[PDB]
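Asks: Sending over a structure as structure tokens; questions will come in a sec.
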Amino acid sequence: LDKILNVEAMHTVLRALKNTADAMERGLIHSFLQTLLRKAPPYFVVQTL
Amino acid sequence: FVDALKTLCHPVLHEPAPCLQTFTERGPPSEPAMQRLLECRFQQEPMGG
Amino acid sequence: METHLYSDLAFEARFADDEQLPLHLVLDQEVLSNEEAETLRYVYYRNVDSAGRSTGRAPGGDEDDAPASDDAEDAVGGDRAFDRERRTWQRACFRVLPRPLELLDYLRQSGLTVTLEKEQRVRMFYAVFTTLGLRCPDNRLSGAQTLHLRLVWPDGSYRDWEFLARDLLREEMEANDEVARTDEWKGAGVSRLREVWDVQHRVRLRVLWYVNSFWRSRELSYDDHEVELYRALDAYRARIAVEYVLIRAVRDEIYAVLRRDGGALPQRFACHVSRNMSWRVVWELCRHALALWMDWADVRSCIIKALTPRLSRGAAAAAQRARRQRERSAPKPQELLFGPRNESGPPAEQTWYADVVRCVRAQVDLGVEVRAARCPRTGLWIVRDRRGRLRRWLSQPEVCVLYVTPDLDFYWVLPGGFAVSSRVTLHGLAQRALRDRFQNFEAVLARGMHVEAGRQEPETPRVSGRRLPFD
Amino acid sequence: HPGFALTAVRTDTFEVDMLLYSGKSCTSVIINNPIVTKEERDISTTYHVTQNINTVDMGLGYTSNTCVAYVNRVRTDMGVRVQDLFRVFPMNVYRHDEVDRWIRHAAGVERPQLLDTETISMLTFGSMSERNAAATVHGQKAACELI
Amino acid sequence: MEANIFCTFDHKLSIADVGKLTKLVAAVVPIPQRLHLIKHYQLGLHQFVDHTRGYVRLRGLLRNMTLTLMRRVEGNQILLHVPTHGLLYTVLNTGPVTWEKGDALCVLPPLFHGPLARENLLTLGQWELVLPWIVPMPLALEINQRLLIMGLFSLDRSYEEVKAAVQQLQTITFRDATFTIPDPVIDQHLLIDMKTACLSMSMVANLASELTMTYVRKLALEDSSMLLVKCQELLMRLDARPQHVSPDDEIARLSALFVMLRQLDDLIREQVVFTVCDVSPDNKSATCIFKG
Amino acid sequence: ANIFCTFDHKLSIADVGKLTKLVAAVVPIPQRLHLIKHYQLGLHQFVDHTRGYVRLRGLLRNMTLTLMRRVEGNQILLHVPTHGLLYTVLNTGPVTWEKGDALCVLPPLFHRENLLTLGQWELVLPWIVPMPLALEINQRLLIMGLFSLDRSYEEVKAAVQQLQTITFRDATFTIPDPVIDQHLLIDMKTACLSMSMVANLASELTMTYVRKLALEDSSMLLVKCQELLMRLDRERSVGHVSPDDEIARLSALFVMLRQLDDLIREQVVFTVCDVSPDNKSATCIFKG
Amino acid sequence: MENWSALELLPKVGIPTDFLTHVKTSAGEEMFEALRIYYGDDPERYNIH
Amino acid sequence: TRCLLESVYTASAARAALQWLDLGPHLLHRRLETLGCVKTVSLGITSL
Amino acid sequence: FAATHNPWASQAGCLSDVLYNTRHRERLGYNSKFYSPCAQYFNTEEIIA
């Protein structure tokens with residue numbers, strides 16, 4: 001039972017690490033997309049120009 | 001309308017006892033704007049003089 | 001001591017609006033017992049003038065001057081008459097000193113100075129210090145005014161005494177940095193101590209007079225005419241006569257019904273009877289019992305205890321609900337199937353009060369509670385002891401009983417259960433007379449009781465002379 | 001007809017799908033290696049990981065552009081209910097109390113009933129005074145402003 | 001200090017007991033005595049709960065108790081932990097009250113909540129885990145205020161006069177929840193509080209300046225607004241150049257008046273025990289700073 | 001226990017040099033986060049032209065107070081202190097601290113050498129002041145607010161000029177007048193009317209409640225309260241109510257004194273026991 | 001009452017999970033008979049008894 | 001016990017049963033026939 | 001956003017509320033077997049549930 005709990009703890013640490021890395025990756029996508037939108041003028045302005 | 005008579009001239013439409021009963025069950029409104037609506041007194045008086 | 005001082009200041013701060021002068025009283029074992037002193041909850045006082053008129057009511061007259069009604073629907077005025085009565089009593093501050101004391105030493109051990117005309121000690125097992133106000137309706141005070149004192153206990157029971165302003169003022173009016181009012185009140189002290197009785201000379205209490213009172217400054221006038229005292233005595237006579245006129249109403253009703261029926265009494269109470277008996281001696285015992293009941297009837301008769309719950313505020317509304325309930329239309333099939341189930345009607349057992357009068361050794365019991373129910377086989381009444389035991393006095397040849405039902409129907413029962421039956425008529429009594437004499441006290445909130453109604457109140461308040469007081 | 005006309009102004013909100021175009025290497029993305037901080041507690045431990053991202057705009061002119069491609073609902077009701085000014089200006093009254101009460105009853109606007117802490121906070125600082133309707137079948141109240 | 005407290009159970013705990021006692025980890029439970037080892041009867045409010053005596057009595061007992069956070073349960077031992085000032089803890093709200101971020105939290109006896117079920121917990125024999133309510137300050141001083149006003153108003157009134165007013169006073173509405181105060185009896189403690197209220201109000205009325213007295217009348221002459229309408233209406237049914245202008249008199253009177261006002265405020269204000277800054281979006285726990 | 005602050009604006013040599021002078025000062029932030037933007041830093045976000053000092057004093061009460069402890073780059077690091085531990089803090093208020101003072105936080109009243117401005121935003125930090133000076137500043141402001149309806153008189157003008165000036169150990173400065181353009185800001189106005197309303201309601205209700213409680217136990221204290229009331233009424237003499245309205249008056253009294261709890265009370269935040277000779281900074285024990 | 005801690009300790013079968021709507025939406029609008037939602041790391045699974 | 005039973009049986013069918021009983025003049029037994037005792041139930045708006 | 005378009009049908013205990021609400025219909029002596037189109041709109045208790 002101590003072995004089972006030790007495995008459970010290692011696995012929840014591993015799941016937390018993987019989930020946090022994936023969260024940072026999705027966050028980088030989100031941050032980049034938000035950056036582009038601040039610099040992306042509408043169609044009517046760019047076609048006018 | 002003459003076709004409607006099977007409904008129109010039934011007693012249940014012409015007796016208001018359930019309507020008056022549910023009108024009394026609720027009691028008067030407590031709302032300040034509705035309160036001016038409750039203010040009215042009728043008094044029967046002798047007709048002699 | 002502090003109650004007298006605070007009450008003096010309070011009656012001064014209120015004098016212009018009320019014109020009530022502060023009367024400082026001390027009570028001891030001559031007016032109340034130790035249990036009643038320790039468990040006292042309220043003191044209330046009432047002012048009535050030289051014409052018998054209370055100062056809470058309209059100055060010229062009231063709609064309560066009309067006679068009573070005999071209707072449970074009216075209940076002798078209902079909520080409005082009850083409220084007019086409750087408005088008539090005013091509440092007084094009081095403090096109990098529950099251990100034995102000697103009054104003058106107690107006042108000297110406090111801050112006061114005492115310079116009485118003769119230094120006679122008065123000793124008292126306990127003391128209640130309270131202040132009542134007698135109303136000078138102008139800067140004028142009459143000797144024919146009477147003041148009522150009411151002492152009330154946690155179960156709602158009360159005791160009334162009444163004494164007229166002439167007894168109180170017989171001598172007192174017949175002779176007529178910065179300082180704080182407290183220090184000069186204590187320094188100026190007491191110089192009078194007078195013993196006053198109520199009108200009927202049942203109870204003695206002492207009046208305490210202070211020289212710092214604002215009473216002294218006013219130089220208002222006092223007078224007692226003879227005709228005013230005469231009218232006040234007549235009003236007092238009408239006051240105390242209220243229960244006896246009801247007793248005589250019942251007596252005349254019994255004799256009137258007995259004349260009307262021709263002496264034929266039908267059975268109304270269950271008791272197996274024999275023909276082979278000297279029923280004539282039972283009639284003679286009935287005569288002796290009906291004389292003796294008049295000999296010994298009192299305020300604690302069954303008739304007063306039957307009318308008293310009628311005077312309560314809930315009574316009229318509850319009676320109207322009962323009238324609607326008994327005369328309700330028979331339910332339709334829809335209501336029985338789909339609607340709510342009908343209200344349960346009156347319970348099979350009623351609560352009554354009775355006067356049990358035994359002739360052999362003259363004795364009359366008055367405030368007797370019995371439970372009554374109609375037996376199924378024959379619709380006669382079974383009268384049971386409030387512990388659930390059948391009452392045996394129907395079988396004793398030397399006892400007659402007068403019952404009064406909660407709806408003021410009365411029976412007068414002979415041995416065997418043959419009874420005279422009629423109704424108590426209240427029409428000889430003005431609505432105010434009954435209503436003020438016998439209305440039950442309703443409690444205002446105080447220490448140690450629930451704000452919500454109907455709760456089981458916890459341990460009742462007490463001031464203990466036998467124990468070291470808790471704080 | 002009172003003798004003057006109204007120009008009513010209304011804003012309606014739409015839920016929309018966007019289309020963004022961007023050119024190859026139109027921006028540079030400099031990112032560091034993430035750092036972590038530890039936040040201790042009696043029964044839990046919290047780790048905060050943060051990463052710096054700073055971007056440079058590599059084009060001269062606009063290198064990216066957005067289209068409003070598809071709308072797929074209107075959030076608001078597109079109705080004809082005007083903006084309650086008494087809710088916007090909760091402190092103003094008429095100097096005469098009789099006409100104030102009469103005006104508020106005629107227009108159908110509720111005066112505050114008691115001086116609670118929330119009543120004072122509403123009058124002085126402001127609050128979401130206009131409570132939600134019981135049911136809403138048309139989405140949001142697009143209030144109409146009158147000039 | 002006794003940083004940890006062992007609570008031993010005399011009843012053998014079933015599987016269900018250990019489960020539900022485990023789910024209660026981080027709940028705030030009080031102990032009367034602050035001892036290293038206690039028995040399960042002393043745990044919680046059940047030792048004192050008594051509905052014939054009033055709400056104020058249980059309030060007085062509770063405000064003097066020692067509060068702990070529940071930890072891991074083992075065989076017949078529960079292991080209570082005392083929080084310490086200035087540190088950060090995770091706390092559980094078994095109460096139905098909502099917590100918003102930044103709230104200051106107080107401890108009070110439980111109120112009556114509509115459904116009447118109230119979730120009895122750990123009925124071991126005829127003992128029960130009666131936990132207090134951890135309530136944010138606004139509701140806390142609202143209940144204290146309403147309770148004091150019931151005591152102060154309902155004196156010398158009959159039950160007929162009292163009834164509707166105290167029915168209206170017992171119900172409190174807070175963040176779209178509705179609660180009722182169980183047993184508001186007129187205690188000895190409540191009469192002490194009322195006496196302090198009367199003395200503090202007397203000193204407010206006596207030692208207030210003429211400026212502090214007459215500001216509202218002058219503003220009403222000058223100004224008109226809904227707030228001023230309400231303030232005037234409170235004074236209505238009882239309803240110039242200063243002849244003295246004295247900054248030192250004003251300062252003396254005001255520094256005394258603030259003292260009396262703090263005295264009057266302490267009758268309503270409770271002790272903050274927690275301050276929240278993180279709320280689980282299901283409102284079942286919070287991260288809090290412990291205070292005392 | 002470090003909180004990271006990032007600047008959404010171009011920093012410069014003089015901005016970072018200006019910011020590094022504050023590397024122990026007290027900066028309040030609206031709520032506890034791990035990563036906040038500079039807009040939340042300081043009291044600037046709350047400043048407006050309609051509410052003013054009392055509103056700031058209320059808002060500053062339930063902010064989280066923090067000490068600046070680095071500038072790593074484009075980011076600022078803030079350390080949130082814990083109760084009881086000893087910390088180094090910078091004095092930047094109008095006064096000097098002695099050993100063993102109890103220090104309070106006030107919204108600032110004077111403002112140049114400190115001010116880091118960027119993009120209409122500027123770092124504004126509270127005053128750290130010993131408790132007596134905070135109490136006296138507070139009372140002076142409140143009294144200036146109550147004099148606000150009779151500035152028409154020259155003696156009251158002189159009295160307000162005397163109230164504005166406060167002297168405290170080797171320092172002297174003028175508290176600004178809460179009356180601007182003859183008018184008092186909204187929150188100072190409601191604070192003043194709450195004080196006056198609680199005074200009037202007390203003077204109206206006290207007699208009835210003294211009578212009611214003296215009917216229970218006529219203690220000597222109630223005697224002296226009733227005497228004081230009677231004296232007060234004699235002074236006023238120089239020239240029934242429903243249950244609902246009684247409950248309304250009681251409730252209004254209590255809700256009005258709830259409005260004053262920010263003014264009447266005064267939290268100690270730091271206790272100072274070690275001072276640099278410069279009086280620029282001291283080490284203090286944190287209270288929270 | 002379900003034994004969620006065993007569900008956490010026991011081995012599981014990894015599946016592509018498909019909800020039409022957001023997981024939090026179908027949980028919040030009561031699609032499921034039994035639910036347990038918790039935030040952070042819940043120690044409940046570790047105390048085996 | 002009677003109040004308890006009346007609180008349980010609050011449907012049109014049960015109240016109609018009671019009404020049909022009290023409505024006629026016959027005695028109960030000239031009106032009731034005894035079937036056996038029950039052991040199985042499948043639940044439904046018309047139950048078996 | 002009007003109060004109603006038929007005061008005699010939308011209120012509690014109006015004519016059509018007592019006519020077509022099944023709870024009022026059974027306080028009247030209605031025959032349950034006949035189907036009623038109005039019942040779905042007027043059985044307000046079923047609607048609440």
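Chain labels follow the order of the structure tokens: the first chain is A, the next B, and so on; residue numbering restarts at 1 in every chain, and ligands are counted from 1 in their shown order.
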Could you work out which residues of chain B fall inside 12 Å of chain D? Count only C-alpha atoms, and format the result as a ChimeraX atom specification.
Replies: /B:31-36
Asks: Save the residues we just selected, N, CA and C atoms, as a short mmCIF file (atom, residue, chain, number, x, y, z; two decimals), in the first residue's frame?
Replies:
```cif
data_model
loop_
_atom_site.label_atom_id
_atom_site.label_comp_id
_atom_site.auth_asym_id
_atom_site.auth_seq_id
_atom_site.Cartn_x
_atom_site.Cartn_y
_atom_site.Cartn_z
N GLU B 31 -47.22 47.33 -2.06
CA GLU B 31 -46.43 48.30 -2.79
C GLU B 31 -46.95 49.71 -2.54
N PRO B 32 -46.07 50.68 -2.27
CA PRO B 32 -46.54 52.05 -2.01
C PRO B 32 -47.39 52.65 -3.12
N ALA B 33 -47.08 52.36 -4.38
CA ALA B 33 -47.88 52.89 -5.48
C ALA B 33 -49.26 52.26 -5.51
N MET B 34 -49.36 50.97 -5.19
CA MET B 34 -50.66 50.31 -5.13
C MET B 34 -51.46 50.72 -3.91
N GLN B 35 -50.81 51.34 -2.92
CA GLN B 35 -51.50 51.62 -1.66
C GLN B 35 -52.56 52.69 -1.83
N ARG B 36 -52.33 53.65 -2.73
CA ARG B 36 -53.34 54.66 -3.03
C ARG B 36 -54.58 54.03 -3.64
#
```
Asks: Any chance you could tabulate, as a Markdown table, the residues of chain D at most 6 Å from chain E with each one's nearest atom pair and distance in Å to one decimal, using only C-alpha atoms, in chain and rising number order?
Replies:
```
| residue | atom | partner | partner_atom | distance |
| --- | --- | --- | --- | --- |
| D:91 | CA | E:226 | CA | 5.1 |
| D:92 | CA | E:225 | CA | 5.5 |
| D:93 | CA | E:225 | CA | 5.5 |
```
Asks: Dump N, CA and C atoms for the selected residues as a PDB file, in the first residue's frame?
Replies:
```pdb
ATOM      1  N   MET D  91     -29.387  60.672  -7.391  1.00  0.00           N
ATOM      2  CA  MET D  91     -29.413  61.629  -6.295  1.00  0.00           C
ATOM      3  C   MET D  91     -30.330  62.808  -6.557  1.00  0.00           C
ATOM      4  N   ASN D  92     -30.595  63.125  -7.814  1.00  0.00           N
ATOM      5  CA  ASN D  92     -31.382  64.305  -8.128  1.00  0.00           C
ATOM      6  C   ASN D  92     -32.823  64.135  -7.678  1.00  0.00           C
ATOM      7  N   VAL D  93     -33.379  65.214  -7.131  1.00  0.00           N
ATOM      8  CA  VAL D  93     -34.771  65.281  -6.711  1.00  0.00           C
ATOM      9  C   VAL D  93     -35.315  66.624  -7.162  1.00  0.00           C
TER      10      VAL D  93
END
```
Asks: Once you count only C-alpha atoms, which residues of chain F turn out to be within 9 Å of chain D? Could you give them as a PyMOL selection string?
Replies: chain F and resi 1-2+34-35+51+186-187+190+248+251-252+255-256+258-259
Asks: Keeping only N, CA, C and O atoms, take the residues you just selected and write them out as an mmCIF file, in the first residue's frame.
Replies:
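Just written: selection08.cif:
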```cif
data_model
loop_
_atom_site.group_PDB
_atom_site.id
_atom_site.type_symbol
_atom_site.label_atom_id
_atom_site.label_comp_id
_atom_site.auth_asym_id
_atom_site.auth_seq_id
_atom_site.Cartn_x
_atom_site.Cartn_y
_atom_site.Cartn_z
ATOM 1 N N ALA F 1 7.285 34.856 -0.831
ATOM 2 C CA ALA F 1 6.087 35.686 -0.878
ATOM 3 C C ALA F 1 6.350 36.953 -1.679
ATOM 4 O O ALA F 1 6.214 38.059 -1.161
ATOM 5 N N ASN F 2 6.729 36.783 -2.942
ATOM 6 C CA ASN F 2 7.058 37.889 -3.829
ATOM 7 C C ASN F 2 6.003 38.037 -4.914
ATOM 8 O O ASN F 2 5.515 37.045 -5.463
ATOM 9 N N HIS F 34 0.046 36.960 -8.179
ATOM 10 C CA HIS F 34 1.461 36.673 -8.365
ATOM 11 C C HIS F 34 2.089 37.563 -9.426
ATOM 12 O O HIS F 34 3.295 37.823 -9.377
ATOM 13 N N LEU F 35 1.303 38.023 -10.392
ATOM 14 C CA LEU F 35 1.806 38.857 -11.474
ATOM 15 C C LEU F 35 0.771 39.928 -11.769
ATOM 16 O O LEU F 35 -0.325 39.619 -12.241
ATOM 17 N N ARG F 51 -14.581 62.374 -5.307
ATOM 18 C CA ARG F 51 -14.682 61.709 -4.011
ATOM 19 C C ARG F 51 -13.603 62.098 -3.009
ATOM 20 O O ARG F 51 -13.939 62.538 -1.905
ATOM 21 N N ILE F 186 -18.183 64.639 -2.190
ATOM 22 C CA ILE F 186 -19.375 63.842 -1.911
ATOM 23 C C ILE F 186 -19.174 62.967 -0.680
ATOM 24 O O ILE F 186 -20.059 62.867 0.182
ATOM 25 N N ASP F 187 -18.008 62.328 -0.563
ATOM 26 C CA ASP F 187 -17.792 61.432 0.568
ATOM 27 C C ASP F 187 -17.539 62.179 1.869
ATOM 28 O O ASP F 187 -17.995 61.733 2.926
ATOM 29 N N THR F 190 -21.033 63.149 2.971
ATOM 30 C CA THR F 190 -21.825 62.101 3.602
ATOM 31 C C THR F 190 -21.232 61.675 4.941
ATOM 32 O O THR F 190 -21.981 61.293 5.843
ATOM 33 N N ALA F 248 -37.191 52.344 12.540
ATOM 34 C CA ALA F 248 -36.469 53.059 11.498
ATOM 35 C C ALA F 248 -35.435 54.005 12.086
ATOM 36 O O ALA F 248 -34.311 54.080 11.586
ATOM 37 N N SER F 251 -32.512 51.818 13.492
ATOM 38 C CA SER F 251 -31.729 51.256 12.404
ATOM 39 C C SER F 251 -30.922 52.332 11.699
ATOM 40 O O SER F 251 -29.776 52.095 11.310
ATOM 41 N N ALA F 252 -31.507 53.517 11.515
ATOM 42 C CA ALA F 252 -30.784 54.613 10.889
ATOM 43 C C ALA F 252 -29.609 55.063 11.733
ATOM 44 O O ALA F 252 -28.536 55.341 11.195
ATOM 45 N N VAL F 255 -26.917 52.321 11.188
ATOM 46 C CA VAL F 255 -26.313 52.355 9.857
ATOM 47 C C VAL F 255 -25.491 53.619 9.662
ATOM 48 O O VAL F 255 -24.538 53.624 8.874
ATOM 49 N N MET F 256 -25.839 54.710 10.346
ATOM 50 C CA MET F 256 -25.021 55.912 10.254
ATOM 51 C C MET F 256 -23.694 55.738 10.972
ATOM 52 O O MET F 256 -22.667 56.234 10.501
ATOM 53 N N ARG F 258 -22.133 52.951 11.265
ATOM 54 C CA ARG F 258 -21.335 52.089 10.399
ATOM 55 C C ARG F 258 -20.575 52.901 9.359
ATOM 56 O O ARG F 258 -19.508 52.482 8.900
ATOM 57 N N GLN F 259 -21.119 54.052 8.963
ATOM 58 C CA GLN F 259 -20.447 54.942 8.027
ATOM 59 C C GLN F 259 -19.189 55.561 8.614
ATOM 60 O O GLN F 259 -18.328 56.023 7.861
#
```
Asks: Residues of chain A no more than 10 Å from chain G, counting only C-alpha atoms: send them over as a ChimeraX atom specification.
Replies: /A:1-2,4-9,12,16
Asks: Store the residues picked out above in a file with N, CA and C atoms, as a compact mmCIF listing (two decimals), in the first residue's frame.
Replies:
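The resulting file, selection.txt, is reproduced below:
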```txt
# COMPACT_ATOMS: atom_id res chain seq x y z
N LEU A 1 0.83 -1.20 0.00
CA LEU A 1 0.00 0.00 0.00
C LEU A 1 0.86 1.25 0.00
N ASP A 2 1.97 1.23 0.73
CA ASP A 2 2.92 2.34 0.68
C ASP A 2 3.49 2.49 -0.72
N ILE A 4 1.93 1.66 -3.51
CA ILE A 4 0.85 2.19 -4.34
C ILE A 4 0.71 3.69 -4.14
N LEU A 5 0.76 4.14 -2.89
CA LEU A 5 0.66 5.58 -2.63
C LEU A 5 1.88 6.32 -3.17
N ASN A 6 3.06 5.73 -3.09
CA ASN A 6 4.24 6.38 -3.65
C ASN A 6 4.11 6.53 -5.16
N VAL A 7 3.61 5.50 -5.83
CA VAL A 7 3.37 5.59 -7.27
C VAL A 7 2.31 6.65 -7.57
N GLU A 8 1.26 6.70 -6.76
CA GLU A 8 0.21 7.69 -6.96
C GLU A 8 0.76 9.11 -6.84
N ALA A 9 1.64 9.33 -5.87
CA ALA A 9 2.23 10.66 -5.69
C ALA A 9 3.16 11.02 -6.84
N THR A 12 0.83 11.90 -9.76
CA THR A 12 0.17 13.20 -9.72
C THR A 12 1.16 14.34 -9.92
N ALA A 16 0.77 16.86 -13.03
CA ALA A 16 0.82 18.30 -12.81
C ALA A 16 1.88 18.96 -13.69
```
Asks: With only C-alpha atoms considered, list every residue of chain C at most 12 Å from chain I, as a list in words.
Replies: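 Using only C-alpha atoms, chain C residues at most 12 Å from chain I: residues 331, 332, 333, 334, 335, 336, 337, 338, 339 and 340 of chain C.
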Asks: List every residue of region 30-112 of chain D that DSSP, applied to the backbone, labels as strand (DSSP E or B), and write the result as an MDAnalysis selection string.
Replies: chainID D and resid 30:31 35:40 45:50 53:57 64:74 76 82
Asks: What lies within 10 Å of residue 38 (chain A) using only C-alpha atoms, ignoring chain neighbours under 4 positions off, as a ChimeraX atom specification?
Replies: /A:33-34 /D:64-65
Asks: Go ahead and save the residues from that selection, with C-alpha atoms, as a compact mmCIF listing (two decimals), in the first residue's frame.
Replies:
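The result, stored in again-v6.txt:
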```txt
# COMPACT_ATOMS: atom_id res chain seq x y z
CA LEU A 33 -2.73 35.53 -31.20
CA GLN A 34 -3.67 38.43 -28.93
CA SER D 64 -1.60 41.41 -40.95
CA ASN D 65 -5.30 42.13 -41.28
```
Asks: Mind the document's chain letters and residue numbers, and return as a ChimeraX atom specification the residues of chain B that DSSP labels helix (DSSP H, G or I).
Replies: /B:2-8,11-14,17-26,32-38
Asks: Deliver the residues from the most recent selection as a file, using N, CA and C atoms, as a compact mmCIF listing (two decimals), in the first residue's frame.
Replies:
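Output below, filename again_29.txt:
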```txt
# COMPACT_ATOMS: atom_id res chain seq x y z
N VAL B 2 -72.80 32.17 -32.29
CA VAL B 2 -73.85 31.24 -31.87
C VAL B 2 -73.30 29.83 -31.73
N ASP B 3 -72.24 29.52 -32.46
CA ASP B 3 -71.58 28.23 -32.31
C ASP B 3 -70.87 28.12 -30.97
N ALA B 4 -70.50 29.26 -30.39
CA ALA B 4 -69.74 29.26 -29.15
C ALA B 4 -70.60 28.96 -27.92
N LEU B 5 -71.93 28.93 -28.08
CA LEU B 5 -72.83 28.92 -26.93
C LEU B 5 -72.56 27.77 -25.98
N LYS B 6 -72.08 26.64 -26.50
CA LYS B 6 -71.82 25.48 -25.66
C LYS B 6 -70.82 25.81 -24.56
N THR B 7 -69.97 26.80 -24.80
CA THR B 7 -69.03 27.33 -23.83
C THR B 7 -69.56 28.61 -23.18
N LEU B 8 -70.08 29.53 -23.99
CA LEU B 8 -70.38 30.88 -23.52
C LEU B 8 -71.42 30.92 -22.41
N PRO B 11 -72.53 27.95 -16.73
CA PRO B 11 -72.44 28.69 -15.46
C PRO B 11 -71.03 29.07 -15.02
N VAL B 12 -70.02 28.24 -15.27
CA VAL B 12 -68.71 28.46 -14.65
C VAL B 12 -68.12 29.79 -15.07
N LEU B 13 -68.46 30.28 -16.26
CA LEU B 13 -67.97 31.59 -16.68
C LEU B 13 -68.71 32.70 -15.96
N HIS B 14 -69.97 32.46 -15.58
CA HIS B 14 -70.78 33.52 -15.01
C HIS B 14 -70.73 33.56 -13.49
N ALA B 17 -67.09 33.22 -7.99
CA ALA B 17 -66.66 32.86 -6.65
C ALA B 17 -65.20 32.41 -6.56
N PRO B 18 -64.66 31.58 -7.46
CA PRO B 18 -63.23 31.27 -7.37
C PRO B 18 -62.34 32.47 -7.64
N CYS B 19 -62.75 33.36 -8.55
CA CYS B 19 -61.97 34.56 -8.83
C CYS B 19 -61.91 35.47 -7.62
N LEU B 20 -63.05 35.69 -6.97
CA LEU B 20 -63.07 36.50 -5.76
C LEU B 20 -62.32 35.82 -4.62
N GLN B 21 -62.41 34.49 -4.54
CA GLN B 21 -61.69 33.76 -3.51
C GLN B 21 -60.19 33.94 -3.65
N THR B 22 -59.66 33.75 -4.86
CA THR B 22 -58.23 33.93 -5.05
C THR B 22 -57.82 35.39 -4.98
N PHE B 23 -58.75 36.30 -5.26
CA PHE B 23 -58.47 37.72 -5.11
C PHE B 23 -58.32 38.09 -3.64
N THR B 24 -59.10 37.44 -2.78
CA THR B 24 -58.98 37.66 -1.34
C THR B 24 -57.79 36.92 -0.75
N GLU B 25 -57.47 35.73 -1.27
CA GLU B 25 -56.37 34.94 -0.72
C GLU B 25 -55.07 35.72 -0.75
N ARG B 26 -54.80 36.42 -1.85
CA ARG B 26 -53.54 37.14 -1.99
C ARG B 26 -53.45 38.33 -1.05
N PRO B 32 -46.07 50.68 -2.27
CA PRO B 32 -46.54 52.05 -2.01
C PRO B 32 -47.39 52.65 -3.12
N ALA B 33 -47.08 52.36 -4.38
CA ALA B 33 -47.88 52.89 -5.48
C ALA B 33 -49.26 52.26 -5.51
N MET B 34 -49.36 50.97 -5.19
CA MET B 34 -50.66 50.31 -5.13
C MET B 34 -51.46 50.72 -3.91
N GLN B 35 -50.81 51.34 -2.92
CA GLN B 35 -51.50 51.62 -1.66
C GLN B 35 -52.56 52.69 -1.83
N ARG B 36 -52.33 53.65 -2.73
CA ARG B 36 -53.34 54.66 -3.03
C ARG B 36 -54.58 54.03 -3.64
N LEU B 37 -54.45 52.81 -4.14
CA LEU B 37 -55.55 52.11 -4.78
C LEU B 37 -56.49 51.49 -3.75
N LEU B 38 -55.98 51.19 -2.55
CA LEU B 38 -56.75 50.56 -1.49
C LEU B 38 -57.57 51.56 -0.70
```
Asks: Between CA of residue 88 (chain F) and CA of residue 3 (chain F), what is the distance, to one decimal in Å?
Replies: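 So the answer is 17.4 Å.
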Asks: So what do you get for CA of residue 222 (chain C) versus CA of residue 173 (chain C), distance-wise?
Replies: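 Separation between CA of residue 222 (chain C) and CA of residue 173 (chain C): 6.6 Å.
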Asks: Which residues are near residue 291 (chain E)? Cut-off 7 Å, only C-alpha atoms, ignore same chain within fewer than 6 positions. Put them as a list in words.
Replies: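 Counting only the stated atoms, we get residues 85, 86, 272, 273 and 274 of chain E.
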Asks: Take the residues from that selection and write them out as a JSON list (two decimals), in the first residue's frame, keeping C-alpha atoms.
Replies:
```json
[["chain", "number", "residue", "atom", "x", "y", "z"],
["E", 85, "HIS", "CA", -1.70, 35.05, 13.69],
["E", 86, "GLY", "CA", -0.43, 36.33, 10.36],
["E", 272, "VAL", "CA", -12.29, 39.38, 12.63],
["E", 273, "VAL", "CA", -10.80, 35.89, 12.67],
["E", 274, "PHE", "CA", -10.00, 35.36, 8.97]]
```
Asks: Quick one: residues within 12 Å of residue 22 (chain D), only C-alpha atoms, excluding same-chain residues fewer than 5 positions away - as a list in words?
Replies: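 In the requested form, the answer reads residues 32, 33, 35, 36, 37, 39, 40 and 41 of chain A; 27, 57, 58, 59, 62, 63, 64, 65, 66 and 67 of chain D.
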